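Protein chains in written order, with my numbering: chain R, 1 to 126; chain G, 127 to 205; chain H, 206 to 253; chain D, 254 to 389; chain C, 390 to 581; chain U, 582 to 763; chain S, 764 to 812. Quick reminder that beta carbons are idealized off the backbone N, C-alpha and C, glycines included. Written out below as structure tokens is the structure these notes cover.
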RNA sequence: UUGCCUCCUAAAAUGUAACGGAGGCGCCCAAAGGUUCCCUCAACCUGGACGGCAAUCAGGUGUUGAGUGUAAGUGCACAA
RNA sequence: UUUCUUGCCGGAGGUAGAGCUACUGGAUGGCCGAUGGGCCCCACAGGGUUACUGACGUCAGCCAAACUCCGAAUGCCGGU
Ligand SMILES: [Mg+2]
Ligand SMILES: [Mg+2]
Ligand SMILES: [Mg+2]
Ligand SMILES: [Mg+2]
Ligand SMILES: [Mg+2]
Ligand SMILES: [Mg+2]
Ligand SMILES: [Mg+2]
Ligand SMILES: [Mg+2]
Ligand SMILES: [Mg+2]
Ligand SMILES: [Mg+2]
Ligand SMILES: [Mg+2]
Ligand SMILES: [Mg+2]
Ligand SMILES: [Mg+2]
Ligand SMILES: [Mg+2]
Ligand SMILES: [Mg+2]
Ligand SMILES: [Mg+2]
Ligand SMILES: [Mg+2]
Ligand SMILES: [Mg+2]
Ligand SMILES: [Mg+2]
Ligand SMILES: [Mg+2]
Ligand SMILES: [Mg+2]
Ligand SMILES: [Mg+2]
Ligand SMILES: [Mg+2]
Ligand SMILES: [Zn+2]
Ligand SMILES: [Zn+2]
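This is how it looks when you write it as structure tokens:
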């Protein structure tokens with residue numbers, strides 16, 4: 001036995017991320033016609049869901065664990081743009097072109113910005 | 127031989143103005159209050175002096191949402 | 206690591222008086238130091 | 254005399270003096286006690302007189318618990334004055350007593366002396382009380 | 390040391406309320422409720438006189454044998470709602486119990502004997518909680534005072550506890566404290 | 582292509598030392614040092630606002646980074662101290678500046694003590710976060726002696742992932758820290 | 764007064780559009796802010812009179 | 001004493017009198033206004049040269065006991 | 001008939017009562033025992049002895065128009 005005493009950086013990252021997410025969520029939400037594009041991000045993968053908060057359901061989703069996205073030899077920005085175009089295509093198939101961006105409690109930029117601008121050019125107006 | 131008090135202010139007529147199940151117009155103010163004793167609910171907005179008003183026509187109904195008393199406007203069906 | 210606000214920091218060569226050579230980095234603009242009492246000199250450090 | 258060190262408000266309304274004592278109706282500290290039967294305002298004057306009466310009677314060794322505190326002030330406007338000009342200045346202190354509340358409690362070896370000291374105290378109070386024992 | 394249960398009669402309350410309870414209390418009857426793991430809160434009138442008699446004979450804590458319309462049940466007095474003034478018992482609570490069943494209870498502690506003369510013995514906690522079987526419940530247990538030395542405290546952990554019974558209270562709950570008898574120049578110095 | 586030396590020796594021998602004499606189930610439970618914090622708590626600058634200048638200058642030269650100025654977040658009547666007054670200066674060191682500063686202290690500056698008798702092993706806050714002070718800024722050769730103006734002490738804190746003083750002390754000794762031997 | 768009433772006038776048309784207050788002890792100089800001019804049609808600097 | 005604001009009286013909607021019980025107001029802030037983003041205090045224990053419970057540093061416990069220009073009340077840690 | 005009554009349904013309260021280890025204050029008696037009190041060896045180090053005063057805490061019983069973790073009956077708003 002070796003009882004640890006401190007708090008781990010995982011806890012502070014996770015719950016501070018959740019607090020930022022909730023503060024954000026106080027002001028955006030998803031309908032059927034203008035759903036919410038929520039994003040997760042880790043050291044390996046980036047995830048997106050298209051949510052109708054009236055139900056708590058998901059309309060479309062994507063991540064960087066699909067076959068094609070793992071088929072890219074490029075950079076994390078390349079995976080981000082691939083996910084963005086894929087989720088834009090899936091949303092357009094589902095019958096929607098307007099959305100609100102839930103950045104997920106991460107600062108807007110880097111790969112999240114790349115994803116968001118890929119979806120922007122791909123057909124989703126936000 | 128004199129009282130050093132004897133002053134008060136006007137009553138501000140605060141309180142709930144529309145109760146549960148009451149049909150309102152869009153824009154009717156529903157509860158006058160000081161702080162946020164009732165928090166704005168679905169399709170209900172909050173004014174500058176923390177006055178709750180209805181952002182859509184419907185029926186008033188109260189609720190609790192994560193330990194917060196809230197006021198909501200419910201869309202009644204069109205006859 | 207800001208642009209230039211921090212004080213100048215470069216690698217430095219530190220030589221002991223009793224013959225020890227320290228390969229270090231400091232803010233010395235010269236980058237050269239010699240010290241006569243070091244980790245092998247004090248009676249408390251090496252029991253002498 | 255029993256006087257609170259400070260009260261948040263020094264001019265309160267008269268204590269509502271209705272109902273039966275719900276809290277503080279049992280003998281817990283000593284073995285014999287004086288337990289009330291009428292609503293009243295027991296001032297610190299009454300309490301001090303009753304306590305000294307008990308101490309004079311037993312006079313040897315035994316514990317007297319005054320488990321009521323006079324901490325409610327009754328005011329009185331100065332004499333010869335008409336009505337008005339605001340409420341008076343507080344000038345006596347009171348415990349609000351309901352029928353049921355044990356007022357004084359006593360611990361002492363024997364029986365008759367304890368009973369007699371308790372009734373000596375009772376005679377100093379503005380109410381009817383009765384001597385109650387530690388058992389049902 | 391099994392204690393023989395006491396045999397009362399009871400009959401189901403037809404209708405409930407403050408009016409019904411007042412009337413029943415007026416006819417020399419006590420309203421009461423059975424519960425426990427019998428999982429049926431059953432509302433029972435019982436004889437007030439016999440209830441008081443058995444509570445006198447065997448304290449607050451005593452097993453009863455209730456005859457509910459012919460059915461035979463074992464009960465144990467859980468609580469008694471009593472008027473502060475008229476002292477009549479108003480209501481009773483009856484856990485259902487059976488043999489070989491541990492139950493938590495509160496037993497009065499009555500100091501026995503005389504103490505050393507220069508000081509007075511005074512109890513702070515008159516009741517001590519014990520875990521014990523339904524039949525083996527002691528109605529009272531004693532604490533020893535026989536010429537103690539100068540003032541000292543007594544706690545529940547050093548009591549001669551009966552057999553088959555277990556202390557529940559934390560052992561460091563004071564029960565009886567011998568405190569030096571106030572002198573002539575010490576008794577009237579406190580209280581003002 | 583280049584690394585600090587003392588971190589090298591740490592990884593090379595102290596990790597195995599701590600593992601084999603503290604016997605962790607997880608190799609990541611083998612402790613280590615995390616950060617150091619140097620604080621010049623000036624405080625008396627409630628009147629002389631100009632002393633914190635020399636404070637931050639000398640602390641910058643020794644540490645290699647520019648201190649954040651620490652104000653006072655309370656109003657107190659005694660010390661002539663009002664809210665928002667610069668009272669102290671602190672720098673945190675992590676990584677290469679971390680290890681190099683530890684070098685400049687323990688291999689150089691801490692030997693420069695006059696009347697050195699070690700540092701007490703009972704100087705831990707219950708979990709192995711070792712914090713010691715002093716009262717002269719002239720044991721650091723980064724600063725010349727006559728160039729000083731007032732005798733000032735630092736505040737040197739080494740914050741490590743010890744579970745208790747045993748890990749903290751074993752680590753500090755393993756890093757080569759000349760404690761007081763009580 | 765220490766917080767007197769002041770007026771703000773557009774520079775490019777000299778029309779007095781707004782009246783406000785400010786502290787003379789804290790803002791000794793004329794206060795100037797980009798306000799909205801109804802006849803200039805756009806936001807213009809406005810300077811204290 | 002006379003206008004305004006807050007509380008109790010005031011009897012769980014609103015309103016409610018007395019020379020009833022307590023206090024504030026006749027301002028202040030070009031940021032103490034707008035928006036964007038980020039953070040969580042007070043207190044307590046332990047370890048530190050001045051430095052003392054107390055000043056700044058580090059570790060922990062700490063869900064609100066701190067703070068909110070300004071009385072009081074209603075609020076606010078989702079933070080106001 | 002929009003009025004009013006009665007039944008049912010949808011509401012918001014903080015009164016009566018109660019409770020307080022749920023806050024703000026008052027307040028009874030115990031228990032351990034500080035810090036600060038005195039003394040010994042003898043230093044103003046350090047240690048222990050002593051009516052010590054006895055922080056904090058804790059056990060049990062209480063109190064409040066301007067206290068509330070709670071909390072009715074009635075009344076009130078609407079519908080039927
Ligand atoms: Mg740590
Ligand atoms: Mg008012
Ligand atoms: Mg506003
Ligand atoms: Mg306004
Ligand atoms: Mg009343
Ligand atoms: Mg009672
Ligand atoms: Mg009560
Ligand atoms: Mg009498
Ligand atoms: Mg300015
Ligand atoms: Mg009202
Ligand atoms: Mg009313
Ligand atoms: Mg009137
Ligand atoms: Mg005035
Ligand atoms: Mg603001
Ligand atoms: Mg702003
Ligand atoms: Mg902290
Ligand atoms: Mg009706
Ligand atoms: Mg109803
Ligand atoms: Mg309700
Ligand atoms: Mg109220
Ligand atoms: Mg009441
Ligand atoms: Mg109070
Ligand atoms: Mg009340
Ligand atoms: Zn040397
Ligand atoms: Zn213009």
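Query: Neighbour-count burial assignment, residue 133 of chain G, 16 or more Cβ in a 10 Å radius; Result: exposed
Query: Backbone secondary structure at residue 834 of chain U - three-state DSSP; Result: Since the first residue shown for chain U is 582 and the last is 763, residue 834 of chain U is missing from the structure and cannot be characterised.
Query: Contact test: residue 778 of chain S Cβ vs ligand 25 heavy atom, cutoff 7 Å; Result: yes
Query: 7 Å CB neighbourhood of residue 773 of chain S in its chain, flanking five on each side removed; Result: 780, 800, 803, 807 and 809
Query: Cβ separation of residue 71 of chain R and residue 122 of chain R, assumed to be a contact under 8 Å, to the nearest whole Å; Result: About 19 Å; that fails the 8 Å criterion.
Query: Cβ-heavy atom distance, residue 272 of chain D to ligand 7, below 7 Å; Result: no
Query: C-alpha distance - residue 90 of chain R paired with residue 23 of chain R, whole-angstrom precision; Result: 28 Å
Query: Pair within 8 Å by beta-carbon distance, residue 646 of chain U and residue 211 of chain H; Result: yes
Query: Residue 248 of chain H: first and last residue of the uninterrupted alpha helix (DSSP H) it sits in; Result: 248-251
Query: Spatial distance of residue 500 of chain C from residue 359 of chain D (CA atoms); Result: 17 Å
Query: Residue 63 of chain R CB to nearest heavy atom of ligand 2 below 7 Å; Result: no
Query: Three-state class that DSSP yields for residue 665 of chain U in the structure shown; Result: coil
Query: Chain-ordered chain D contacts of residue 580 of chain C [CB-CB under 7 Å]; Result: 304, 317 and 319
Query: One or two residues paired with residue 47 of chain R in a DSSP bridge; Result: R:40 and R:63
Query: Residues that DSSP places opposite residue 533 of chain C in a beta bridge; Result: C:501
Query: Contact check, residue 486 of chain C vs residue 494 of chain C, beta carbons under 8 Å; Result: no
Query: Residue interval of the alpha helix (DSSP H) (run including residue 755 of chain U); Result: 746-755
Query: Residues that residue 473 of chain C contacts on chain D, provided the C-beta gap is smaller than 9 Å; Result: 273, 274, 275, 278, 279, 288, 352, 353 and 354
Query: Straight-line gap, residue 62 of chain R to residue 47 of chain R (C-alpha atoms, nearest Å); Result: 6 Å
Query: 9 Å Cβ cut-off: residues of chain C touching residue 301 of chain D; Result: 580 and 581
Query: Local Cβ density within 10 Å of residue 278 of chain D, reported as buried at 16 or more and exposed below that; Result: buried
Query: Range covered by the alpha helix (DSSP H) that runs through residue 365 of chain D; Result: 365-375
Query: Residue nearest to residue 221 of chain H in terms of C-alpha spacing, selected from U:683, U:677, U:620 and U:690; Result: U:690
Query: CB of residue 82 of chain R within 8 Å of CB of residue 102 of chain R, strictly; Result: no
Query: For residue 168 of chain G, the three-state DSSP class (helix, strand or coil); Result: coil
Query: heavy atom of ligand 7 below 7 Å from residue 353 of chain D C-beta; Result: no
Query: Residues that residue 338 of chain D contacts on chain G, provided the C-beta gap is smaller than 8 Å; Result: 127, 128 and 129
Query: Residue 668 of chain U and residue 623 of chain U closer than 8 Å at C-beta; Result: yes
Query: Chain U contacts made by the region 208-241 of chain H, where a contact means CB separation under 8 Å; Result: 210, 211, 212, 214, 219, 227, 228, 229, 230, 231, 232, 233, 238 and 240
Query: Contact the region 750-759 of chain U vs the region 592-607 of chain U: 3+ CB pairs below 8 Å; Result: yes
Query: Distance CB(residue 537 of chain C)-CB(residue 516 of chain C) smaller than 8 Å; Result: no
Query: Beta carbon shell of ligand 24 at less than 6 Å from a heavy atom; Result: H:221, H:222, H:223, H:240, H:241, H:242, H:243 and H:246
Query: Any chain C beta carbon closer than 8 Å to residue 323 of chain D; Result: no
Query: Which of helix, strand or coil DSSP assigns to residue 85 of chain R; Result: helix
Query: CA nearest to the CA of residue 124 of chain R, picked from R:29, R:39, R:34 and R:4; Result: R:34
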